[PDB]
file upload.cif (mmCIF, C-alpha atoms and all ligand atoms)
data_target
loop_
_atom_site.label_atom_id
_atom_site.label_comp_id
_atom_site.auth_asym_id
_atom_site.auth_seq_id
_atom_site.Cartn_x
_atom_site.Cartn_y
_atom_site.Cartn_z
CA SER A 2 -0.01 -1.42 3.40
CA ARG A 3 -1.45 2.12 3.19
CA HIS A 4 -2.30 3.93 -0.06
CA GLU A 5 -0.24 7.03 0.69
CA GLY A 6 -1.64 10.19 -0.77
CA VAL A 7 -5.02 8.65 -1.63
CA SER A 8 -8.30 9.72 -0.03
CA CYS A 9 -11.73 8.10 -0.40
CA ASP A 10 -14.17 10.40 -2.17
CA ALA A 11 -17.13 9.04 -0.15
CA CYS A 12 -15.99 8.87 3.48
CA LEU A 13 -12.96 11.19 3.16
CA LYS A 14 -10.57 8.87 4.98
CA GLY A 15 -7.02 9.11 3.66
CA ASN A 16 -3.91 7.00 3.43
CA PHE A 17 -6.22 4.07 3.99
CA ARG A 18 -5.34 0.39 4.35
CA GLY A 19 -6.81 -2.30 2.16
CA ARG A 20 -7.73 -2.32 -1.50
CA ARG A 21 -8.14 0.94 -3.42
CA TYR A 22 -10.82 1.24 -6.10
CA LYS A 23 -10.20 3.83 -8.81
CA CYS A 24 -13.03 4.95 -11.07
CA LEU A 25 -12.12 4.85 -14.75
CA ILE A 26 -14.83 7.33 -15.73
CA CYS A 27 -14.74 9.99 -12.99
CA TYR A 28 -11.65 12.18 -12.73
CA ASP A 29 -9.34 11.44 -9.76
CA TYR A 30 -12.03 9.45 -7.97
CA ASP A 31 -11.14 6.70 -5.49
CA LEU A 32 -13.03 4.68 -2.93
CA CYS A 33 -11.80 2.64 0.01
CA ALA A 34 -12.87 -1.01 0.15
CA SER A 35 -15.68 -0.33 2.61
CA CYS A 36 -17.23 2.42 0.51
CA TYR A 37 -16.84 0.39 -2.69
CA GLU A 38 -18.40 -2.83 -1.37
CA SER A 39 -21.29 -0.95 0.23
CA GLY A 40 -22.19 0.86 -3.01
CA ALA A 41 -21.32 4.33 -1.81
CA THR A 42 -21.66 7.14 -4.37
CA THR A 43 -20.83 10.85 -4.32
CA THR A 44 -20.96 13.69 -6.90
CA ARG A 45 -21.11 12.24 -10.42
CA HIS A 46 -20.14 8.66 -9.51
CA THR A 47 -22.52 5.77 -9.95
CA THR A 48 -22.15 2.11 -9.10
CA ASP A 49 -22.26 1.26 -12.80
CA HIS A 50 -18.88 2.94 -13.37
CA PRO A 51 -15.99 0.56 -14.08
CA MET A 52 -13.34 0.58 -11.39
CA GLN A 53 -9.77 -0.64 -11.19
CA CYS A 54 -8.60 -2.43 -8.08
CA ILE A 55 -5.16 -1.18 -7.06
CA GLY A 56 -3.25 -3.07 -4.50
CA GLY A 57 -0.93 -5.83 -3.49
CA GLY A 58 1.00 -8.53 -5.26
CA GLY A 59 4.66 -8.52 -5.96
CA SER A 60 7.83 -10.42 -5.20
CA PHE A 61 10.33 -8.46 -3.13
CA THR A 62 14.03 -8.38 -2.53
CA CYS A 63 15.48 -8.55 0.97
CA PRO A 64 17.40 -5.27 1.47
CA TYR A 65 19.96 -6.86 3.81
CA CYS A 66 21.20 -9.91 1.89
CA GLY A 67 19.83 -9.33 -1.62
CA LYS A 68 17.87 -12.57 -1.93
CA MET A 69 14.89 -12.16 -4.19
CA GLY A 70 11.42 -13.57 -4.70
CA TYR A 71 9.71 -13.00 -1.34
CA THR A 72 6.06 -12.26 -0.81
CA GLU A 73 5.16 -9.64 1.77
CA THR A 74 4.48 -12.39 4.33
CA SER A 75 7.54 -14.45 3.52
CA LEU A 76 9.69 -11.30 3.55
CA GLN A 77 8.64 -10.46 7.09
CA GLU A 78 9.37 -13.99 8.36
CA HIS A 79 12.75 -13.98 6.64
CA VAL A 80 13.66 -10.58 8.08
CA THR A 81 12.33 -11.05 11.61
CA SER A 82 14.42 -14.25 11.75
CA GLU A 83 17.79 -13.76 10.01
CA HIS A 84 18.05 -9.94 10.15
CA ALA A 85 16.72 -9.37 13.65
CA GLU A 86 18.99 -6.67 15.10
CA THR A 87 20.70 -4.93 12.18
CA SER A 88 20.94 -1.17 12.36
CA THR A 89 22.07 -0.60 8.76
CA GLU A 90 19.85 1.79 6.84
CA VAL A 91 17.88 0.36 3.90
CA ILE A 92 15.05 1.50 1.62
CA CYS A 93 11.81 -0.43 1.86
CA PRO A 94 11.14 -2.41 -1.34
CA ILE A 95 7.44 -2.87 -0.61
CA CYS A 96 6.88 0.89 -0.32
CA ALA A 97 8.83 1.55 -3.52
CA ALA A 98 7.12 -1.13 -5.62
CA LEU A 99 3.55 -0.15 -4.77
CA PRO A 100 1.60 2.56 -6.64
CA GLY A 101 1.75 5.92 -4.94
CA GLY A 102 3.98 4.35 -2.28
CA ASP A 103 7.03 6.08 -0.84
CA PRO A 104 9.89 5.63 -3.36
CA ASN A 105 12.53 6.27 -0.69
CA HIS A 106 11.31 5.06 2.69
CA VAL A 107 14.62 4.92 4.54
CA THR A 108 14.62 2.89 7.71
CA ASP A 109 17.20 1.60 10.20
CA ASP A 110 14.72 -0.93 11.70
CA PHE A 111 13.22 -2.77 8.74
CA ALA A 112 11.63 -5.56 10.83
CA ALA A 113 9.70 -2.98 12.88
CA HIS A 114 8.74 -1.08 9.75
CA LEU A 115 7.31 -4.24 8.24
CA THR A 116 5.29 -5.04 11.37
CA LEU A 117 3.85 -1.55 11.70
CA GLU A 118 3.35 -0.31 8.12
CA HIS A 119 2.93 -3.60 6.21
CA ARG A 120 0.67 -5.65 8.51
CA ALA A 121 -0.43 -9.02 7.08
CA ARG B 1 -8.59 11.58 -4.94
CA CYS B 2 -4.85 11.17 -5.43
CA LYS B 3 -2.76 14.13 -4.52
CA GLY B 4 0.66 13.00 -5.61
ZN ZN A 201 -14.50 5.32 2.11
ZN ZN A 202 -17.19 7.17 -11.29
ZN ZN A 203 17.78 -11.34 3.85
ZN ZN A 204 7.53 -0.05 3.56
#
call {"tool": "encode", "arguments": {"input": "upload.cif", "output": "structure tokens", "more": "lines below"}}
Ligand SMILES: [Zn+2]
Ligand SMILES: [Zn+2]
Ligand SMILES: [Zn+2]
Ligand SMILES: [Zn+2]
result
Amino acid sequence: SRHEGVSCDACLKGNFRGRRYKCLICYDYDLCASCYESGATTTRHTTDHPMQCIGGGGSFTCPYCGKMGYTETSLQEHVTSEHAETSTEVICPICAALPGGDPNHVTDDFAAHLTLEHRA
Amino acid sequence: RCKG
């Protein structure tokens, strides 16, 4: 999944995939996983600063039948199997349940959305 | 940076 609206303060990439590391000392300061693990610093940030990992987790509801308690992986297998060609519009639960994610990602091809925007 |  991509951290929509978030840009890395060291390499400047935005809407990046992977884990997001937020500094709890610097104002509005985030690093992508690569910059974090490599010890990148910019402006007033130091590697001693505590950081919060923001990311995955979660159980999700299938938008087509309402069954609950899927992981991201198990949701995709369930959808790509039992809801294969359904053209009914639904809102993505993964996008809505993740921080900064799109609260109303409407899609009429959920299986394809999962494969392209929620890669495992 | 978070813009939202
Ligand atoms: Zn970076
Ligand atoms: Zn910092
Ligand atoms: Zn279902
Ligand atoms: Zn989504």
call {"tool": "atom_distance", "arguments": {"input": "upload.cif", "atom1": "atom CA of residue A:100", "atom2": "atom CA of residue A:4"}}
result
7.8 Å
call {"tool": "interface_residues", "arguments": {"input": "upload.cif", "of": "chain A", "to": "chain B", "cutoff": "9 Å", "atoms": "all atoms listed in the file", "output": "PyMOL selection string"}}
result
chain A and resi 5-10+23+28-32+101
call {"tool": "write_last_selection", "arguments": {"input": "upload.cif", "atoms": "C-alpha atoms", "output": "PDB file, keeping the file's coordinate frame"}}
result
ATOM      1  CA  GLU A   5      -0.240   7.030   0.690  1.00  0.00           C
ATOM      2  CA  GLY A   6      -1.640  10.190  -0.770  1.00  0.00           C
ATOM      3  CA  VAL A   7      -5.020   8.650  -1.630  1.00  0.00           C
ATOM      4  CA  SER A   8      -8.300   9.720  -0.030  1.00  0.00           C
ATOM      5  CA  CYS A   9     -11.730   8.100  -0.400  1.00  0.00           C
ATOM      6  CA  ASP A  10     -14.170  10.400  -2.170  1.00  0.00           C
ATOM      7  CA  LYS A  23     -10.200   3.830  -8.810  1.00  0.00           C
ATOM      8  CA  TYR A  28     -11.650  12.180 -12.730  1.00  0.00           C
ATOM      9  CA  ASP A  29      -9.340  11.440  -9.760  1.00  0.00           C
ATOM     10  CA  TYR A  30     -12.030   9.450  -7.970  1.00  0.00           C
ATOM     11  CA  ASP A  31     -11.140   6.700  -5.490  1.00  0.00           C
ATOM     12  CA  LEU A  32     -13.030   4.680  -2.930  1.00  0.00           C
ATOM     13  CA  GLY A 101       1.750   5.920  -4.940  1.00  0.00           C
TER      14      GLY A 101
END
call {"tool": "residues_around", "arguments": {"input": "upload.cif", "residues": "residue A:72", "least_positions_apart": "4", "cutoff": "9 Å", "atoms": "all atoms listed in the file", "output": "list in words"}}
result
residues 58, 59, 60, 61, 76 and 77 of chain A
call {"tool": "residues_near_ligand", "arguments": {"input": "upload.cif", "ligand": "ligand ZN 202 (chain A)", "cutoff": "10 Å", "atoms": "all atoms listed in the file", "output": "PyMOL selection string"}}
result
chain A and resi 23-32+42-52
call {"tool": "atom_distance", "arguments": {"input": "upload.cif", "atom1": "atom CA of residue A:112", "atom2": "atom CA of residue A:86"}}
result
8.6 Å
call {"tool": "atom_distance", "arguments": {"input": "upload.cif", "atom1": "atom CA of residue A:57", "atom2": "atom CA of residue A:99"}}
result
7.3 Å
call {"tool": "residues_near_ligand", "arguments": {"input": "upload.cif", "ligand": "ligand ZN 201 (chain A)", "cutoff": "6 Å", "atoms": "only C-alpha atoms and all ligand atoms", "output": "list in words"}}
result
residues 9, 11, 12, 32, 33, 35 and 36 of chain A
call {"tool": "residues_near_ligand", "arguments": {"input": "upload.cif", "ligand": "ligand ZN 203 (chain A)", "cutoff": "12 Å", "atoms": "all atoms listed in the file", "output": "VMD selection string"}}
result
chain A and resid 61 to 71 75 to 85 87 91 111 to 112
call {"tool": "closest_residue", "arguments": {"input": "upload.cif", "among": "A:93, A:104, A:110, A:3", "to": "ligand ZN 204 (chain A)", "atoms": "all atoms listed in the file"}}
result
A:93
call {"tool": "closest_residue", "arguments": {"input": "upload.cif", "among": "A:109, A:14, A:94, A:53", "to": "ligand ZN 204 (chain A)", "atoms": "all atoms listed in the file"}}
result
A:94
call {"tool": "closest_residue", "arguments": {"input": "upload.cif", "among": "A:74, A:16, A:2, A:89", "to": "ligand ZN 204 (chain A)", "atoms": "only C-alpha atoms and all ligand atoms"}}
result
A:2
call {"tool": "residues_near_ligand", "arguments": {"input": "upload.cif", "ligand": "ligand ZN 204 (chain A)", "cutoff": "8 Å", "atoms": "only C-alpha atoms and all ligand atoms", "output": "PyMOL selection string"}}
result
chain A and resi 2+92-97+103+106+114-115+118-119
call {"tool": "closest_residue", "arguments": {"input": "upload.cif", "among": "A:19, A:39, A:88, A:121", "to": "residue A:54", "atoms": "all atoms listed in the file"}}
result
A:19
call {"tool": "closest_residue", "arguments": {"input": "upload.cif", "among": "A:113, A:41, A:120, A:56", "to": "residue A:13", "atoms": "all atoms listed in the file"}}
result
A:41
call {"tool": "decode", "arguments": {"input": "upload.cif", "residues": "chain A", "atoms": "C-alpha atoms", "output": "tab-separated table (two decimals), in the first residue's frame"}}
result
chain	number	residue	atom	x	y	z
A	2	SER	CA	0.00	0.00	0.00
A	3	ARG	CA	1.14	3.60	-0.63
A	4	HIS	CA	1.28	6.34	2.02
A	5	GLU	CA	-0.83	8.84	0.09
A	6	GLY	CA	0.08	12.43	0.74
A	7	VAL	CA	3.35	11.60	2.51
A	8	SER	CA	6.78	12.55	1.17
A	9	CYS	CA	10.18	11.51	2.51
A	10	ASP	CA	12.12	14.48	3.86
A	11	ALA	CA	15.46	12.97	2.80
A	12	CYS	CA	15.00	11.65	-0.74
A	13	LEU	CA	11.81	13.60	-1.58
A	14	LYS	CA	9.95	10.60	-2.96
A	15	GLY	CA	6.21	10.78	-2.32
A	16	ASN	CA	3.26	8.47	-1.95
A	17	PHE	CA	5.83	5.79	-1.26
A	18	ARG	CA	5.28	2.08	-0.64
A	19	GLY	CA	6.52	0.31	2.44
A	20	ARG	CA	6.78	1.43	6.03
A	21	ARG	CA	6.62	5.12	6.94
A	22	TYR	CA	8.75	6.47	9.78
A	23	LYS	CA	7.49	9.63	11.48
A	24	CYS	CA	9.79	11.65	13.70
A	25	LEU	CA	8.25	12.49	17.07
A	26	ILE	CA	10.57	15.44	17.66
A	27	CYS	CA	10.79	17.19	14.27
A	28	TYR	CA	7.65	18.84	12.92
A	29	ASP	CA	5.96	17.04	10.00
A	30	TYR	CA	9.05	14.95	9.29
A	31	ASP	CA	8.80	11.54	7.64
A	32	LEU	CA	11.25	9.12	6.11
A	33	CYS	CA	10.70	6.20	3.75
A	34	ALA	CA	12.02	2.81	4.86
A	35	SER	CA	15.17	3.10	2.75
A	36	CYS	CA	16.14	6.49	4.16
A	37	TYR	CA	15.33	5.40	7.71
A	38	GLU	CA	17.31	2.15	7.65
A	39	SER	CA	20.31	3.83	6.02
A	40	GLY	CA	20.49	6.57	8.68
A	41	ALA	CA	19.62	9.44	6.38
A	42	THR	CA	19.30	12.87	8.02
A	43	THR	CA	18.24	16.30	6.75
A	44	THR	CA	17.72	19.74	8.36
A	45	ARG	CA	17.35	19.36	12.14
A	46	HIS	CA	16.79	15.59	12.19
A	47	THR	CA	19.26	13.24	13.82
A	48	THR	CA	19.29	9.46	14.04
A	49	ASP	CA	18.81	9.70	17.80
A	50	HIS	CA	15.27	11.06	17.34
A	51	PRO	CA	12.47	8.66	18.28
A	52	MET	CA	10.34	7.62	15.35
A	53	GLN	CA	6.96	5.98	14.98
A	54	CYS	CA	6.48	3.27	12.41
A	55	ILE	CA	3.20	3.77	10.57
A	56	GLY	CA	1.90	1.03	8.42
A	57	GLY	CA	-0.01	-2.16	7.95
A	58	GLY	CA	-2.03	-4.46	10.12
A	59	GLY	CA	-5.75	-4.68	10.24
A	60	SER	CA	-8.60	-7.08	9.61
A	61	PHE	CA	-10.82	-6.08	6.70
A	62	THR	CA	-14.36	-6.61	5.56
A	63	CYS	CA	-15.15	-7.92	2.09
A	64	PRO	CA	-17.17	-5.16	0.36
A	65	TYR	CA	-19.16	-7.63	-1.76
A	66	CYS	CA	-20.50	-10.14	0.78
A	67	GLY	CA	-19.82	-8.45	4.12
A	68	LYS	CA	-17.73	-11.22	5.66
A	69	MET	CA	-15.23	-9.84	8.12
A	70	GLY	CA	-11.81	-10.64	9.54
A	71	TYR	CA	-9.59	-10.84	6.45
A	72	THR	CA	-5.95	-9.85	6.28
A	73	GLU	CA	-4.79	-7.98	3.21
A	74	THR	CA	-3.49	-11.23	1.70
A	75	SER	CA	-6.49	-13.33	2.62
A	76	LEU	CA	-8.82	-10.59	1.34
A	77	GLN	CA	-7.22	-10.66	-2.09
A	78	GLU	CA	-7.47	-14.46	-2.35
A	79	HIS	CA	-11.09	-14.36	-1.24
A	80	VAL	CA	-11.97	-11.63	-3.74
A	81	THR	CA	-10.01	-12.92	-6.74
A	82	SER	CA	-11.81	-16.26	-6.23
A	83	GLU	CA	-15.46	-15.69	-5.24
A	84	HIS	CA	-15.95	-12.12	-6.53
A	85	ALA	CA	-14.07	-12.41	-9.81
A	86	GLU	CA	-16.23	-10.51	-12.31
A	87	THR	CA	-18.53	-8.23	-10.34
A	88	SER	CA	-19.00	-4.72	-11.65
A	89	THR	CA	-20.78	-3.31	-8.59
A	90	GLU	CA	-19.11	-0.23	-7.16
A	91	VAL	CA	-17.59	-0.53	-3.67
A	92	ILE	CA	-15.30	1.52	-1.44
A	93	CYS	CA	-11.94	-0.01	-0.60
A	94	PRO	CA	-11.71	-0.91	3.10
A	95	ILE	CA	-7.92	-1.12	3.10
A	96	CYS	CA	-7.58	2.44	1.80
A	97	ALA	CA	-10.10	3.74	4.33
A	98	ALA	CA	-8.61	1.97	7.36
A	99	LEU	CA	-5.02	3.09	6.80
A	100	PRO	CA	-3.63	6.42	8.05
A	101	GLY	CA	-3.70	9.13	5.43
A	102	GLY	CA	-5.31	6.63	3.05
A	103	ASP	CA	-8.17	7.52	0.73
A	104	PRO	CA	-11.40	7.46	2.82
A	105	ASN	CA	-13.56	7.01	-0.29
A	106	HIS	CA	-11.68	5.05	-2.94
A	107	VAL	CA	-14.60	4.01	-5.14
A	108	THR	CA	-13.90	1.19	-7.52
A	109	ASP	CA	-15.90	-1.04	-9.88
A	110	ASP	CA	-13.02	-3.58	-10.18
A	111	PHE	CA	-11.95	-4.33	-6.61
A	112	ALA	CA	-9.83	-7.39	-7.52
A	113	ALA	CA	-7.75	-5.28	-9.93
A	114	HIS	CA	-7.49	-2.48	-7.40
A	115	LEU	CA	-6.13	-4.90	-4.83
A	116	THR	CA	-3.55	-6.30	-7.24
A	117	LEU	CA	-2.31	-2.90	-8.37
A	118	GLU	CA	-2.53	-0.66	-5.28
A	119	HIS	CA	-2.24	-3.21	-2.45
A	120	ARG	CA	0.53	-5.55	-3.67
A	121	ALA	CA	1.59	-8.22	-1.16
